[PDB]
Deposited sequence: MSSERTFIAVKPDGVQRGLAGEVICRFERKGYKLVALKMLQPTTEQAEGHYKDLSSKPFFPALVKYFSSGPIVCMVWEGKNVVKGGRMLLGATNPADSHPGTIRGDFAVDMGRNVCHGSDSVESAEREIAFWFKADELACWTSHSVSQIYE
């Protein structure tokens, strides 16, 4: 029952693939426990997912940060052309998730 924070950035959002991102985390077995879109820069989509090992799990679904090293099968592998146009972020530890979760989301918005 850890939790992690994922966000889909503007270009990602202009391309139309938070659906994709959500589908992959759903498919992998994680519960979506919060989500919202935020307006400006560029709009972004913030999410929080919960599951056994979801922080390491989530980073693996996303693929390597550097899209030039990201393998097919991951989000960055399948979708992202350049590190700027990577357009996705996930927490890198259980510690940083909590900072990101608690910064971006009112607790009323999360789901226990």
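Undergrad: Counting from 1 along the deposited sequence, give me every gap where there's no C-alpha, start to finish.
TA: Unmodelled stretches, in sequence order: 1-2, 43-68, 141-151.
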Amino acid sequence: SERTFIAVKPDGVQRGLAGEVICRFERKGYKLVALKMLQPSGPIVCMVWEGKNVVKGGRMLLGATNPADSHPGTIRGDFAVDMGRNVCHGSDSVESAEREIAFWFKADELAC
From here on, numbers count along this sequence of modelled residues.
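Undergrad: Take the C-alpha B-factors listed in the entry for 6-14 and for 19-27, compute each mean, and give the stretch with the larger one.
TA: For C-alpha atoms only, the mean B-factor is higher in 6-14.
Undergrad: Can you let me know which of the two, 81-89 or 48-56, has the higher average C-alpha B-factor in the entry?
TA: Here the higher of the two C-alpha B-factor means belongs to 81-89.
Undergrad: Go through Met37, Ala34, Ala68, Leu61 one by one and give the residue whose Cα B-factor in the PDB entry is largest.
TA: Of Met37, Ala34, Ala68, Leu61, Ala68 has the highest C-alpha B-factor.
Undergrad: By the record's CA B-factor, is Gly73 among the lowest, middle or highest third of residues in the chain?
TA: For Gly73, whose C-alpha B-factor we compare with every modelled residue in the chain, the answer is the lowest third.
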